[PDB]
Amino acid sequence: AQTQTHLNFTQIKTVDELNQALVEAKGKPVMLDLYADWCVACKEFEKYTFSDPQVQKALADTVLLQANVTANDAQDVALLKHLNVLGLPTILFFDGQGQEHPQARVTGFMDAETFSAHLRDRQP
């Protein structure tokens, strides 16, 4: 169509900005998407999974964060080490207390249906 509905992600660049966002999200679940222009699976996520109406509805009460590590500068490297991420794509989930749940990580592409199931069954 002429227009499209997208999830409104809050962009973060550093470990400190991530912490500030967690503090602000007290009591709410948080999802962090790690994206890079060279990561094909990441683009597929943005274009086909995060654009799905059912996926967007399932994330209605979740704080959405996103980090663009394309440049791969000092701050990007520091953020990835802090989170203990091996590669992209990687989507992390934090609970209302601000703690991550490693078992809920998504590390490969997932279509709208598979991702919706993950949220239903695995999101903290």
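In this text, residue numbers run from 1 along the sequence as written.
> Mean Cα B factor from the PDB record: higher for 26-34, or higher for 72-80?
Per the PDB record, 72-80.
> Highest mean C-alpha temperature factor of the two stretches 58-66 and 36-44, which is it?
The stretch with the larger average C-alpha B-factor is 36-44.
> Test of reading the entry: by CA B factor among the chain's modelled residues, which third contains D16?
Middle third of the chain for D16's C-alpha B-factor.
> Among the modelled residues of this chain, does the Cα B factor of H6 put it in the lowest, middle or highest third?
CA B-factor rank for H6: highest third.
> Using only modelled residues of the chain, where does the Cα B factor of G87 rank: lowest third, middle third or highest third?
Tercile = highest for this residue's CA B-factor.
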